[PDB]
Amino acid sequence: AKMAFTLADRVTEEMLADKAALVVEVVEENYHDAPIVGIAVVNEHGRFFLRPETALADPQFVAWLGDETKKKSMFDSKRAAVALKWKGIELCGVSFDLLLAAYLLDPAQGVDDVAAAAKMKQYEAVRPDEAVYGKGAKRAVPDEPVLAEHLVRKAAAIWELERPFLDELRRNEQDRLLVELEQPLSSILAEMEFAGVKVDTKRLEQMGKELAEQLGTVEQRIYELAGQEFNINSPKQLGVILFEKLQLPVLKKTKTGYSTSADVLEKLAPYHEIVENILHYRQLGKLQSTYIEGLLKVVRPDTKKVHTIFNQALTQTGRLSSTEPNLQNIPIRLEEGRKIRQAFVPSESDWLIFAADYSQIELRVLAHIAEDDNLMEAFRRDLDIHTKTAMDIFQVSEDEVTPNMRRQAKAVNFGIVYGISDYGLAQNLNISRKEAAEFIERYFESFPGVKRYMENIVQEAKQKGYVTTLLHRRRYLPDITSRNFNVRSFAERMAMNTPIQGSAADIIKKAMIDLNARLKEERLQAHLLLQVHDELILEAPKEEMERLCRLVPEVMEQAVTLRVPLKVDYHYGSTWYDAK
């Protein structure tokens, strides 16, 4: 049964009450400089639909939008805030974001529209966005009558769902998590996205030349060594050449054919010279397709900046994700790829890039949560944790630790955080399963606190049905009770890892909020550009570097107080690559 609402041709005073559910619709997935197709307002006086041209040109409405005392309840306020920033309009007073509330209540639901969130509370008087707009090539904004009813219904759902969601958040002790952490972070992320990062396109185009050239050489070398030409980018075609024509040994299978992953190829290299060339081709081709051509496709031609979109309500652990482009996976490990970062430059003349990253935050959080005496003392002495672990598991003094012993202790440390598995560690170190189990057993002997935590957290997950982080974020793990060994085992690793990865996420999010408050108090022009899970990237005038060198690390180190210190390394330079 249709929903009553006024299709306003002009903005009236009752539309500007100090409390309302607000819908500022942006249909385009990427909301940067995107159109706002309609507006809906629901308050004590009724339900309204306003045409964007009308509303956004009305002085009273714009003032209402920017008045922090006029509270708004929305779904994905960041989308609206950024679309409005591009139109030179400021959105303030958003006191409740249904998307973030739904996300905190249960990240697993994958709530991506008002309808999905509403379903959580048995409210179904609203259609999924996809049913209204369609998807793919058939996506499109419907006629006004249909559009207006959909927006009003979403505003109505939001108006109705606010109390129920806040009630459950409070019961879960997650009310401060939404109000003091996620919602304020949303506004910071919006400023970061809108600001964007400047890209030196000329530098990228030149790198693309060099790559395309040497890639052509390796491509030919590969055909010579194979005795014919084929699509190297085709796992199927490549498998034929390697495991059939060249008779290379099949050490690993995928499921539709042979595995040609770098992990396997590394082992096959000694058998034929084609393997190394294929690996090199794989490296170059990745940089060319994903980072050179890929970036160049999303740089704004007018400003030469890339404007990422941080998905704040997607990961099951509380970490942010980044898209179009994904700026949280720009090469750093290998030098050839690392040079891609020379393309990310300050947006203004005489400004520099400043980056600060937490050193081993996940292992430090683990030491804190597990209260492992050995591990806490190690960080208190600021020891090389990998060398210390090698010393303990292999029972030797520091001087007796060989590089290979450190490499393996390091691999054990990463496994411990991800949810240690004798099978997973074995694959990682290319060793026996029994040998891996022995390393793990030795580790727990040295860190009884970590062992106790791993055992206790799994039982707690089974008892309560979920695990939590420092700031009360939670992740339900129903598979923890499954009778299928594999399904259950994965759930157990999640129980071990989520509190760690999750608490590290909580901490850096808090540091971001604290940092922005400090920057404003000090009236610095410095501002956040990106966040890559455990690090923060900013840009600022060169004259602000010395101050940032003290301010940024301190804010990040003081975000939360743990049983062990939090350590922050920092660097700055003319490009992201130089901020090393």
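One rule holds for the numbers: they count along the sequence shown, beginning at 1. In this text, rigid core is short for the largest set of C-alphas that superpose within 1.5 Å between two forms.
The stretch that moves more in 7 other deposited structures of this protein, judged by CA deviation after a rigid core superposition and choosing between 407-415 and 266-274, is 266-274.
After superposing on the rigid core, the larger RMS C-alpha deviation in 7 other deposited structures of this protein belongs to 244-252, the other candidate being whichever of 244-252 and 494-502 remains. When the two stretches 356-364 and 392-400 are set side by side, the higher mean Cα temperature factor goes to 392-400. In this entry, 261-269 has the higher mean Cα B-factor, the comparison being between 486-494 and 261-269. Of all the options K410, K135, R163, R171, the entry's greatest CA B-factor is assigned to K135. In the deposited coordinates, the residue among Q183, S322, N233, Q122 with the greatest CA B-factor is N233.
Ranked against the other modelled residues of its chain, the C-alpha B-factor of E539 as given in the entry falls in the lowest third.
For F414, the recorded CA B-factor ranks within the middle third of the chain. Only modelled residues enter the ranking. Among all modelled residues in this chain, the alpha-carbon of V27 has a temperature factor (C-alpha) in the middle third. When the modelled residues of the chain are ordered by their C-alpha B factor, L16 lands in the highest third. Compared with the other modelled residues of the chain, the Cα B-factor recorded for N43 ranks in the middle third.
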